[PDB]
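**Q** would you be able to build a 3D model of this:
(chains A, B, C, D and E, ligands or ions: 10)
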Amino acid sequence: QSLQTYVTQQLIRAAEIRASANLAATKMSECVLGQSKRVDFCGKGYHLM
Amino acid sequence: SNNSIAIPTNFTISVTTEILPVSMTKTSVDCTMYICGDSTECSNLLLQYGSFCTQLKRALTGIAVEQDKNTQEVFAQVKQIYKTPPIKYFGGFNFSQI
Amino acid sequence: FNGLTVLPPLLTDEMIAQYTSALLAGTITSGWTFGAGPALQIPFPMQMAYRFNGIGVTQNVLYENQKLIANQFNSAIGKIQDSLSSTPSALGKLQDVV
Amino acid sequence: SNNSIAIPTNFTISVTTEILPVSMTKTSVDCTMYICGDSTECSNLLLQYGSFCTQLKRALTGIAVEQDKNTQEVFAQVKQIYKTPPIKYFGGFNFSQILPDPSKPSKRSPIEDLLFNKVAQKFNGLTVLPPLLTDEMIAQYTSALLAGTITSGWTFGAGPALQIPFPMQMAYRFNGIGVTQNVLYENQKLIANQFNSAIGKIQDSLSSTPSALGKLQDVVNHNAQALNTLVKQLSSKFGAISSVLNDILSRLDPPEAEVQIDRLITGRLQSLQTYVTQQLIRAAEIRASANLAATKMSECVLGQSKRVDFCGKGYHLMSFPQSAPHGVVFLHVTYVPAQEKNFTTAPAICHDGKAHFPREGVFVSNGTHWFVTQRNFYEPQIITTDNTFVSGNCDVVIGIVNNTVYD
Amino acid sequence: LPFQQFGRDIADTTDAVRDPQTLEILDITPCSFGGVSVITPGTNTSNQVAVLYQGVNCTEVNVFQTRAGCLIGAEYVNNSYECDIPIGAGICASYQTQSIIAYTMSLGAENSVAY
Ligand SMILES: *[C@@H]1O[C@H](CO)[C@@H](O)[C@H](O)[C@H]1NC(C)=O
Ligand SMILES: *[C@@H]1O[C@H](CO)[C@@H](O)[C@H](O)[C@H]1NC(C)=O
Ligand SMILES: *[C@@H]1O[C@H](CO)[C@@H](O)[C@H](O)[C@H]1NC(C)=O
Ligand SMILES: *[C@@H]1O[C@H](CO)[C@@H](O)[C@H](O)[C@H]1NC(C)=O
Ligand SMILES: *[C@@H]1O[C@H](CO)[C@@H](O)[C@H](O)[C@H]1NC(C)=O
Ligand SMILES: *[C@@H]1O[C@H](CO)[C@@H](O)[C@H](O)[C@H]1NC(C)=O
Ligand SMILES: *[C@@H]1O[C@H](CO)[C@@H](O)[C@H](O)[C@H]1NC(C)=O
Ligand SMILES: *[C@@H]1O[C@H](CO)[C@@H](O)[C@H](O)[C@H]1NC(C)=O
Ligand SMILES: *[C@@H]1O[C@H](CO)[C@@H](O)[C@H](O)[C@H]1NC(C)=O
Ligand SMILES: *[C@@H]1O[C@H](CO)[C@@H](O)[C@H](O)[C@H]1NC(C)=O
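**A** Numbers count the residues shown, from 1 in each chain, chains lettered A, B, ... in the order given. Ligands and ions are numbered 1, 2, ... in the order given. Okay, here it is:
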């Protein structure tokens, strides 16, 4: 029971970390590899670099 | 008002910091060692109990492979490693800190 | 320890640092060209002229105020490290994950 | 260096494939039959365990309706079924591989048929529910989207479908990425040949490497693994004398029968709960994938996206969807510069005491003469007053050079 | 093979068995079963309901055979409308006028652009 609870908690944390990593990859692709016109996606203000 | 507008006459170059988690620690557990340790009869009874150990091991392995995939997706965007020129002059910009 | 084992990440800290350095060098020397294909060399002031032209400001604004913009960017970069040092809570997300 | 720029003198068009899972099989589990078979005494004992069975039923129903909603959101974005005109000439562009084939009864494109070809449990009270949208209707939606994006451009996405010749639509898309439409009008034949070659190579790449379609296969394998695990754990002792319920019923005294039945119940309830939790987690992952796929369909297919690397690698031109089992395949058409050549560049031109900046493009020099060209393509032009604005003086700008401005 | 009779499949279930008379081997398949679902409009609208036996052939058991299952209490209509109540593989039921009718759902209006 304890081990299954730990595995379920790890799976939920892994899903959260997926969401965060997908966001990080999108920001790397948009903000670093180019200039993004999306408001507040890359910092506050008009994004430059 | 009907008739008034505001136009900026100056600007500020502001640098902000954003921190994002990417991957977490990869952990693997030995189900037999955790539950029974070195007891042989305990291991036999656990084998009689069911096959949850294989499922849990598969779940943990999948989690580890994802973490690795997450790091790969985040940081391996470029196909070629680029080197900066030996002279670090970029028109007055200072990237020594970066 | 007790049957719990921690698997090391596939990509070491040095390799992630090399990826970061490659990305920084590509951004500095080639603008966004290296992301959409082969890396194209370009002077940094002209890259920032493109970037200003993107946000709706003519490049003459950058060219007239190149030194001031460089000074402001350098000051912001220098202040970033001090801001990170002053407040350890900035890495709170990563610390919370661990 | 401080005064060197590189500008591409040529370009290539690359078509890449992006595969995203969209939906997973809908499964309904009968609590009573799975956990107790056809014995009424076991059902009576399970009755007093509470409302676990209805909770599991509600969770499974929610997962099924979520899968249906995901498929509908991803594929049913368009409101009218558009039909391709019978005469299939599009200025040298060949869409035979992605348009549906009337000859085959499936009404599927050759790529769709290749994808479909590339990719027991009922006996214990577990049932799989048919999807709301059949493969025929999903293929019809995909064909409607393809017809809309081929004949109407991006106009049908934001309102009524507007007629447009395909070369003109491609010229507008080229203007979208900062390249003048002349480039397309003087290289139409080369561009069409490159696009046709890339489309032909797409099928070869998919057929040769089966690992490309690995995501959908992994989803199906995971589902089969979960179902097999449930069926296998139906035979676990769980501390009882035997796994067969009828044997215990006809073999044991009523109190010991109740004890063993309760043990088996506890085991099967925890097994079902674990299975349902795994099912919910996988459903959440599939929902995230379907949301990403719907966003790509809205942005990559129904329009031109300025986001880097979101729609293929390189400067996005357009995209084509393709139906796949439990997923969608996106063919991203992108513009990739090639054959770079370096040039000497200056920020501005100093004429008669006035600076000159390029209205669009940059100033380049080939050694003796100065020209202005667009950023992404190399077409030198005489530096004239029409494409330059002065806006300042000569002393302030750093790196300015002397040259004459024609008028 | 002559060994014994307790035939089993991958599902660890008694798929096939031999009888103590002929050595005839009979495959054992579970007796037909499924879940029953009640397709109903709003209660204030009407009290008529349709019953869908999903995964059950109509022969085993007005009566209409869908690939999702056996649908009784609804009359099939050739004309296609937008989906109102999901039923299964492309079939949707709605209360149209006095009775509940099942139809193949229509994706949308057919529009041809004169390219
Ligand atoms: C705009 O003008 C109208 C009359 O011309 C006036 O009533 C209104 O107050 C004006 N707007 C504002 C914000 O004052
Ligand atoms: C803009 O702000 C900077 C900050 O010090 C200042 O040096 C500069 O003179 C300002 N420009 C104008 C036009 O006020
Ligand atoms: C700024 O540049 C100079 C010389 O390039 C260097 O010595 C100095 O360390 C740089 N500033 C920072 C904060 O690194
Ligand atoms: C470009 O000019 C700057 C001005 O000082 C100089 O530092 C730099 O070395 C030059 N780049 C070369 C010579 O490649
Ligand atoms: C650009 O590349 C194509 C690819 O074959 C070639 O046919 C064409 O001549 C090239 N354009 C040049 C060299 O100007
Ligand atoms: C498109 O390519 C196929 C390849 O077999 C060819 O048969 C077909 O004729 C081409 N389309 C046109 C319009 O020529
Ligand atoms: C271009 O690059 C070559 C080799 O990298 C170099 O010799 C040349 O000076 C550069 N500039 C021009 C205008 O060719
Ligand atoms: C540079 O271009 C001009 C005009 O096209 C031409 O006359 C000259 O020969 C070219 N020089 C070189 C080195 O390419
Ligand atoms: C040519 O450029 C130099 C700067 O290098 C400048 O001093 C000179 O005035 C320019 N020639 C003319 C005719 O303005
Ligand atoms: C099952 O349904 C099909 C569909 O018409 C029918 O042909 C077949 O006879 C049915 N099965 C039995 C055993 O009647």
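**Q** contacts only, for the spatially most central residue of chain E.
**A** With distances taken as CA atoms, centre = their mean, residue E:69 lies nearest the centre of chain E, 0.6 Å away. By CB atoms under 8 Å, 6 or more residues apart in numbering or on different chains, the residues touching residue E:69 are E:34, E:52, E:53, E:54, E:55, E:56, E:88. In this view, the C-beta of every residue, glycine as well, is placed from N, C-alpha and C.
**Q** skipping adjacent residues, who's closest to it in space?
**A** residue E:54 (3.6 Å; CB to CB, 6 or more residues apart in numbering or on different chains).
**Q** before we move on, what about residue E:5?
**A** Residue E:5 sits nearest to residue E:18 (CB to CB, 6+ apart), 3.1 Å away.
**Q** also residue E:95?
**A** Per CB to CB, 6+ apart, closest to residue E:95 is residue E:41, 4.2 Å.
**Q** please, where are all the strands along chain E?
**A** For chain E, the strands defined by DSSP state E occupy E:16-18, E:25-27, E:35-39, E:50-54, E:63-65, E:69-72, E:75-76, E:85-86, E:91-96, E:99-104, E:109-112.
**Q** hmm, back to that, what's the neighbour count on the residue nearest to residue E:95?
**A** Around residue E:41 there are 17 other residues, counting by other CB atoms under 10 Å in any protein chain shown.
**Q** next: residue E:56.
**A** By other CB under 10 Å, neighbour count at residue E:56 equals 17.
**Q** over to residue E:82?
**A** 11.
**Q** which residues does it contact?
**A** Neighbour list for residue E:82: E:92, E:105, E:106 [criterion: CB under 8 Å, 6+ apart].
**Q** and if you look at residue A:41?
**A** So residue A:41 contacts A:27, A:30, A:31, A:47 (CB under 8 Å, 6+ apart).
**Q** show me the residues you listed that map onto helices.
**A** residue A:27 (DSSP state H).
**Q** tabulate the contacts of residue A:41 in a markdown table, adding columns for distance to residue E:98 and neighbour count.
**A** Formatted as a markdown table, those follow (distance: CB to CB, whole Å; neighbours: other CB atoms under 10 Å in any protein chain shown):
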| residue | distance to residue E:98 | neighbour count |
| --- | --- | --- |
| A:27 | 58 | 16 |
| A:30 | 57 | 22 |
| A:31 | 61 | 19 |
| A:47 | 61 | 20 |
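**Q** ok, and which of the contacts of residue A:41 reach chain C?
**A** Restricting the contacts of residue A:41 to those near chain C by CB under 8 Å from any CB of the partner chain leaves residue A:47.
**Q** closest one of the contacts of residue A:41 to residue E:25?
**A** residue A:27 (63.8 Å; CB to CB).
**Q** distance check, whatever residue of chain A ends up closest to ligand 7 against residue D:41.
**A** Nearest residue of chain A to ligand 7, counting by CB to the nearest ligand atom: residue A:33, 24.4 Å away. For residue A:33, the distance to residue D:41 (CB to CB, to the nearest Å) stands at 66 Å.
**Q** one step back: quick one, what contacts the residue nearest to residue E:69?
**A** D:127, D:129, E:34, E:35, E:36, E:37, E:68, E:69, E:88.
**Q** of all the residues you listed, which comes closest to ligand 10?
**A** Nearest member of those to ligand 10, counting by CB to the nearest ligand atom, is residue E:69, at 11.0 Å.
**Q** need the strands for chain A, in chain order.
**A** Using DSSP E, no strands are found in chain A.
**Q** any chance of the strands of chain E in JSON lines with distance to residue E:5 as columns?
**A** Shown next, in JSON lines, are the strands of chain E (distance: least, CB to CB, whole Å):
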{"stretch": "strand E:16-18", "distance to residue E:5": "3"}
{"stretch": "strand E:25-27", "distance to residue E:5": "7"}
{"stretch": "strand E:35-39", "distance to residue E:5": "33"}
{"stretch": "strand E:50-54", "distance to residue E:5": "34"}
{"stretch": "strand E:63-65", "distance to residue E:5": "37"}
{"stretch": "strand E:69-72", "distance to residue E:5": "34"}
{"stretch": "strand E:75-76", "distance to residue E:5": "46"}
{"stretch": "strand E:85-86", "distance to residue E:5": "45"}
{"stretch": "strand E:91-96", "distance to residue E:5": "43"}
{"stretch": "strand E:99-104", "distance to residue E:5": "46"}
{"stretch": "strand E:109-112", "distance to residue E:5": "60"}
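**Q** between the ones you listed, which one is closest to residue E:9.
**A** strand E:16-18 (8.2 Å).
**Q** what's that closest one in contact with?
**A** E:4, E:5, E:6, E:7, E:8, E:24, E:25, E:26, E:27, E:28.
**Q** what's the answer for stretch E:32-50, then?
**A** By CB under 8 Å, 6+ apart, stretch E:32-50 touches D:28, D:30, D:33, D:125, D:127, E:51-57, E:60, E:69, E:71-74, E:85, E:87, E:93, E:95, E:99-100, E:102.
**Q** with stretch E:84-104 instead?
**A** Stretch E:84-104 is contacted from outside by D:68, D:129-134, D:136-137, E:39, E:41, E:45-46, E:48-50, E:52, E:54, E:64, E:66-69, E:71, E:73-83, E:105, using CB under 8 Å, 6+ apart.
**Q** touching ligand 10 at all, that stretch?
**A** No - in terms of CB under 6 Å from any ligand atom, no part of stretch E:84-104 sits within range of ligand 10; the closest distance is 13.8 Å.
**Q** returning to what we had before: among the contacts of residue E:82, the buried ones, what's the PyMOL command?
**A** Of these, the buried ones go into a single PyMOL selection, burial set by 16 or more other CB atoms under 10 Å in any protein chain shown:
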select buried, chain E and resi 92+105
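**Q** which residues does residue 12 contact?
**A** Picking chain A for this. residue D:281.
**Q** switch to chain E, please.
**A** Residue E:12 neighbours (CB under 8 Å, 6+ apart): D:231, D:232, D:234, D:235.
**Q** and those residues, which is closest to residue E:115?
**A** Distances from residue E:115 to the contacts of residue E:12, taken by CB to CB, are shortest for residue D:231, at 53.6 Å.
**Q** and that closest one, how far is that from residue D:265?
**A** For residue D:231, the distance to residue D:265 - CB to CB - is 17 Å.
**Q** coming back round to it: which two of the contacts of residue E:12 have the greatest separation?
**A** Checking the contacts of residue E:12 with CB to CB, the most distant pair is D:231 and D:235, at 8.1 Å.
**Q** alright, I will stop here.
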